[PDB]
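For reference, the structure discussed in these notes is given below.
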Amino acid sequence: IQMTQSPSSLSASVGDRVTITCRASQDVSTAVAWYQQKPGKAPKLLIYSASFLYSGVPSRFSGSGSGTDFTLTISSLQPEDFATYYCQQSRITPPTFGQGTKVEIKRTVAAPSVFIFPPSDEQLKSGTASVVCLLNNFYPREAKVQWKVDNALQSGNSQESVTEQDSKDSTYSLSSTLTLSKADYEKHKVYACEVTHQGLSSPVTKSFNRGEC
Amino acid sequence: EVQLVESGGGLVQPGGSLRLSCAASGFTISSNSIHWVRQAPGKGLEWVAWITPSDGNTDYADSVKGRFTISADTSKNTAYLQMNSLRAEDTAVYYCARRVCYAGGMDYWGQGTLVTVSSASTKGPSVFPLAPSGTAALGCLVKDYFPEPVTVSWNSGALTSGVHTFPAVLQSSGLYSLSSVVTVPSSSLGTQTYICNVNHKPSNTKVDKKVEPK
């Protein structure tokens with residue numbers, strides 16, 4: 001049996017109603033449960049037997065359905081409700097999970113504060129150079145971070161990481177790390193990260209010149 | 001209170017074996033079915049196996065059948081997952097859970113235990129300062145460690161406001177890296193000391209790095 005969840009992802013403002021659907025490839029009667037999972041943590045039971053609220057779960061969560069069509073509804077979305085939500089059928093073995101639906105909290109636009117960090121002297125002695133760019137406390141998550149070395153756009157030598165959405169103000173932070181050999185790093189003067197974001201009227205560039213120039 | 005507590009996870013060679021344990025408190029395991037569920041890095045939840053300890057009936061996901069064995073010892077109120085012929089595909093956080101019925105669901109879950117299947121050796125991180133230069137940002141780069149996880153605190157836990165510790169990223173070398181950053185008053189940079197406390201249990205590495213203005 002296949003459990004297909006829709007949508008795969010969604011954003012909605014605080015106070016809004018969110019509806020997630022799970023459809024089964026065969027009649028699973030009402031043997032369908034819903035789980036909330038926050039990143040890195042054990043899933044939490046929300047709804048069992050299609051429509052029953054598990055003890056302790058907030059009254060804003062509800063469930064409906066039977067047969068082949070089931071829904072989870074959050075009637076008033078709160079900032080702490082960002083999670084991946086999963087349906088599971090248990091009418092027949094093997095039990096099968098849905099793909100999951102990521103819920104994000106929509107909020108007003110917020111421009112990132114941007115910081116750049118040169119490689120340490122310790123690292124340089126190892127023979128490698130990491131340059132780090134920080135974008136702090138912004139929304140939406142979509143951001144274009146471009147590396148320029150002596151004003152030349154960089155290709156396949158950086159990796160980004162993003163934090164989970166803040167539980168109170170619903171913002172993100174992001175790091176981009178540029179990795180170069182010490183030989184390459186010491187051939188260039190200007191290291192710059194350029195940030196494009198919906199909150200910024202024009203792109204913001206932070207840079208340093210190697211050799212405290 | 002009902003509690004499920006897992007143990008037995010860690011780093012293993014491909015082809016190797018590992019036994020996970022799930023110890024139940026506040027209920028008798030024979031009253032329910034006990035399930036193992038896993039989550040591979042960046043993927044969704046995958047059911048792996050269940051057991052009804054009252055009769056020892058079991059079922060397995062097709063990808064695990066033959067290789068894994070679920071069992072239970074009712075006299076220890078504990079269930080087990082014996083994992084053999086381990087492959088990289090089995091790298092995941094493993095959870096145990098109880099399924100309750102009245103029609104039901106998995107109401108109590110273990111904390112999860114990380115199983116990493118790899119031939120790579122343990123390696124502790126190098127910790128490099130991200131030096132600052134009104135709000136100023138500073139941090140530490142925790143580079144080239146294996147396996148996960150690493151823990152990072154600031155000033156031995158006294159600094160928590162404004163801290164962002166990013167998820168680890170696998171580098172092309174097969175080793176992990178992450179950064180932790182914090183924003184502080186610009187006026188504090190000269191006189192207040194900022195220390196990144198890094199712990200990597202798998203290699204028994206503990207590092208404290210002072211981050212100073214450059």
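Bear in mind that the values in this text are calculations on the coordinates, not laboratory data. Every residue, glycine as well, gets a Cβ built from its backbone with ideal geometry; the counts of neighbours run over all protein chains shown.
List of remarks:
- Here the contact order of chain A, divided by its residue count and restricted to Cα pairs under 8 Å and six or more residues apart, works out to 18 percent.
- Only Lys, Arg, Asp and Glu carry charge here, each on its Cβ (+1 for the first two, -1 for the last two); on that basis chain B has a dipole of about 500 debye about its Cα centre.
- What the Cα atoms of chain A give is an Rg and a Dmax of 22.9, 71 Å.
- Shown here for the stretch A:128-213: trypsin sites (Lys or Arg not before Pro) in loop regions (DSSP other than H, G, I, E, B) with at most 10 other Cβ atoms within 10 Å, namely A:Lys168.
- Dipole check for chain A: with +1 at the C-beta of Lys and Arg, -1 at the C-beta of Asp and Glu, and the Cα centre as origin, the magnitude is about 180 Debye.
- Under a model in which nothing but the beta-carbon of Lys, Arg (+1) and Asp, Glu (-1) is charged, the stretch A:108-213 shows a dipole of about 220 debye around its Cα centre.
- Restriction of the trypsin sites (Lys or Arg not before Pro) in the stretch A:7-73 to DSSP coil positions whose beta-carbon has at most 15 other beta-carbons within 10 angstrom yields A:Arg17, A:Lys41, A:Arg60.
- Relative to its Kirkwood radius, the Cα radius of gyration of chain B gives an Rg/Rh of 1.09.
- Debye intensity ratio I(q)/I(0), log10, the stretch B:120-214, q values 0.17, 0.24 Å⁻¹ (C-alpha model): -0.69, -1.20
- Judged by a Cβ-Cβ distance under 4.7 Å, the unpaired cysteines of chain A are A:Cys213.
- Shown for chain B: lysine pairs separated by 8 or more places, or found on different chains, whose C-alpha atoms are under 27 Å apart, numbering 18.
- Helical runs (DSSP H, four residues minimum) scored at -39500 (n - 2.57) apiece and divided by the length of chain A put the mean residue ellipticity at 222 nm at -1000 deg cm²/dmol.
- For B:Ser153, A:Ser202, B:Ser33, order by how many other beta-carbon atoms lie within 10 Å, fewest first: A:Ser202, B:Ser153, B:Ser33
- For B:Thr160, A:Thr128, A:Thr101, order by how many other beta-carbon atoms lie within 10 Å, fewest first: B:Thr160, A:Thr128, A:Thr101
- Projected label distance in nm at B:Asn204 and B:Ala103, using a 7 Å step from Cα toward the beta-carbon: 5.6
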